[PDB]
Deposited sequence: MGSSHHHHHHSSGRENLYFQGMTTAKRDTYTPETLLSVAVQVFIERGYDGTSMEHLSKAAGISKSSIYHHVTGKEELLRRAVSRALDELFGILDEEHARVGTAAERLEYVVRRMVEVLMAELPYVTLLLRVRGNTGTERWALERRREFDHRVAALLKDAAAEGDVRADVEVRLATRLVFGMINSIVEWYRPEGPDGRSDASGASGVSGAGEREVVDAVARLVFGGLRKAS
């Protein structure tokens, strides 16, 4: 109801998000497995029957969510600057873009990272993520061959650790002299600097 604000007689006033965006919020809160259709119905404010105008159930909503995350990540790999220049130039571009995508698509990427199930959708999403891993590891291998990346760390271990650094951003990053985007740029620049040069002066 309207709540008194205790200021000159003023009071407060007493679902515009999409079904997908609602579902993603519930999945992050509860975990996918722990989300029921009743949760989703109560959250979206529409009936279980009404949801069939949209999807067959929660797996389809998860699919839509992880597909959006995967499309953005794979998309990076065929962008011009991921595909031209030296292998180390392409790798650095890819790393920067992965940070950008994780910030921009944070809830979707978070769900993708959490997939640990045996539905067909989850197994597909895990397949796709392993393919993406393989792709990036090949870029790092190419940069090592070109002499631009160090040879004393195994390529797949380096790739795993670098992904650990990048993926950690979902845990801590919250969006708020450039008018906008300074905090985002700062994270991208820092990750690039630490990935390629580490902490040492």
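Just jot down which stretches of the deposited chain sequence have no CA coordinates, in the order they come.
Sequence ranges with no C-alpha atoms are 1-12, 27-30, 193-203, 229-230.
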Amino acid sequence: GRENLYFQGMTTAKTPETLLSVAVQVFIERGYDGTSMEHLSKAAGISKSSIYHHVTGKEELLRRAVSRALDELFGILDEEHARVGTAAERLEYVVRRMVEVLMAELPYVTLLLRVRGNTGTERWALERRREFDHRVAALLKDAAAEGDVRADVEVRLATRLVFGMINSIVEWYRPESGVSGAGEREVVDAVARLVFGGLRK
From here on, numbers count along this sequence of modelled residues.
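Between 80-88 and 114-122, which has the higher average C-alpha B-factor in the PDB entry?
Higher mean C-alpha B-factor: 114-122.
On mean C-alpha B-factor from the PDB entry, just flag whether 41-49 or 155-163 is the higher one.
Here the higher of the two C-alpha B-factor means belongs to 41-49.
Lowest, middle or highest third: where is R193 by C-alpha B factor in its chain?
It falls in the middle third of the chain.
Ranking the modelled residues of this chain by C-alpha B-factor as given in the entry, is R150 in the lowest, middle or highest third?
Top third by C-alpha B-factor.
Check where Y32 lands among this chain's C-alpha B-factors and tell me if it's the lowest, middle or highest third.
Highest third of the chain for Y32's C-alpha B-factor.
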